Every structure is written in C-alpha cells, then in structure tokens.
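[1] just need the structure, nothing else, for what follows:
(2 chains)
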Amino acid sequence: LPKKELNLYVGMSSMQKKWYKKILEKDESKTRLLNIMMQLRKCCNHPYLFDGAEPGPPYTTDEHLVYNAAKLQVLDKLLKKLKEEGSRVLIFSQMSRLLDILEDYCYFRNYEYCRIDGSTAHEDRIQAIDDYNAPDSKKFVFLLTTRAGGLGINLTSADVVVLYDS
DNA sequence: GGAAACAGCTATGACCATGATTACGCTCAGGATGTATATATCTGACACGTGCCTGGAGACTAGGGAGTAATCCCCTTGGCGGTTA
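    Numbering: from 1, shown residues only, chains lettered A, B, ... in the order given. What follows is the structure:
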C-alpha cells in the first residue's frame, strides 16, 4: 500500500498581515531582525510567537487563536474530519514554543495525546510512545517535534501525518 | 446554766485616687548682635580709537588619498537537544 501526499496551500492570515508588513517594512518595532529568515519564518508559522500578538492579560483561550491563525482553521476542519474518519494523526513542527500553543489548543478541544519534545525525559518518551501506540488508543492527536521526534520510531498505529511547517 | 462557737460589727491601715506644687522648657519677650541697605564719593581698570603690518585670503597647479566596484569566505546568528549543576 503506497502513501498519499497533499500540500495544503493556505493563505497567510489577514489578521497577522499587519505584523507581517511590520516585519517587511520594519514598522512590532524596536527589536532584533538579525535573522530575517527566522523572523518571517515565525510569522509564516504563527503570529502569537512575536510576544504581544496575544494582548490579553488573562490570555484568553478561545476560537480567536484559530481565528487569528492562517493554518489552524484548516486544521480545525481536518481535525473534525479525521475525528469522524478515525484517522490517528501525527503532527510535526520545528518550534517547540509553537507546540506549547498547540498543547494549549489541544486542551481547548479536549483531545487525549502525548507531547514528546526535545529533552522531555527518557522514561517519559517510552511511556508516551506506549500510550499513543496502545491498542485502541483514544489519543487522537500526537504532538511531536521534527529534529527530536522522527528518527527511527515506528507509529504503525497511526496512518496520517501532518507537517505544520517545512 | 455555763461554755464554746460562730457571726456581725467595728475600726484601722493600706492603697489608690486626686489636688497642688514645682521645675523646666519654651516660646515668646526682650535685649544683643551682627547684616543688609542706601548713599555719596574715589579710582583704577576696562573699553575704545589709532596706527601698522603680516597673516589671511585668494590664485594656481599637480599628483596621489580617497572613493567605488567586484569579489569572497569566513562568521555570526538562532533555534534546538540534551545535560546538570
């Protein structure tokens, strides 16, 4: 059985277009751009990563996060579809900090999962893998990094794997 | 009927409360003192004219400092992963 591949070209969120211009035109201000590569990469990845895109002193946790994000709207659609389809999904990303927001947004949707990140533990890696690969595991999603997570482990219990970033 | 025993009354001392007195401080008094003020008058120093002259300001040439292009490559940068003190 082969594998399918689709590249979900989604438009960059209009809400963060303010800050994306604020990065291109150097408009928010008075910070580093020593690696314009990464700065645009983080804005390409997620807006709240720039330390002030989340204005709330209580830091509200609601649909605004998926609202202000370009990708998570398609993610929310695909998570709803794959939940009914029973697809056991794996998510890969580069920024461990971004995964915190996904961990927070996983809490919002109340999914079971296990978060493996660079330098979590030794026994925690084993146990989180076991719970995810446990038979009939309801851990519908699985947070994982890119350069720390997928270098030899087998996840045949899963079928669909999604990249947040390239 | 007498003696003991207890109870109540009385007085006195003790202790606390109030009144006065005093002393000390201070804040007014008042004196002492030293300071500001004004004024009228010297006077020396600062400002200004005069003369002069030599640096300043052009005027002119020439030759390499500075300026730019192109090139490159090494290095700083940043995020992570995983340790541990």
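
[2] which helix or which strand is home to the residue of chain A found nearest DNA strand B?
    Nearest residue of chain A to DNA strand B (Cβ to the nearest atom of the strand) works out as residue A:118 at 1.8 Å. (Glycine included, C-beta is placed from N, CA and C.) Using DSSP states H and E, residue A:118 is not contained in any helix or strand.

[3] what's around the residue nearest to it when sequence neighbours are not counted, how many residues?
    Distance criterion Cβ to Cβ, 6 or more residues apart in numbering; nearest residue to residue A:118, sequence neighbours excluded, is residue A:148 at 3.8 Å. Using other Cβ atoms under 10 Å, residue A:148 is surrounded by 14 other residues.

[4] same question, residue A:41
    By other Cβ under 10 Å, 15 other residues sit near residue A:41.

[5] what about it, distance to residue A:20?
    The gap separating residue A:41 from residue A:20 is 11 Å, by Cβ to Cβ, to the nearest Å.

[6] picking up where we left off before, so who does the residue of chain A closest to DNA strand B touch?
    By Cβ atoms under 8 Å, 6 or more residues apart in numbering, the residues touching residue A:118 are A:96, A:145, A:147, A:148.

[7] now residue A:108
    A:61, A:62, A:65.

[8] how about the residues of chain A near DNA strand B?
    Chain A comes close to DNA strand B at residues A:32, A:34-35, A:38, A:94-97, A:117-120, A:122, A:145, A:147-148, as judged by Cβ under 7 Å from any atom of the strand.

[9] filter those down to the buried ones.
    Taking 16 or more other Cβ atoms under 10 Å as the criterion, what is buried in these is A:94, A:95, A:96, A:117, A:145.

[10] just to be sure, residue A:20 is in a helix?
    Yes. Using DSSP: H, G, I helix; E, B strand; the rest coil, the assignment for residue A:20 is a helix.
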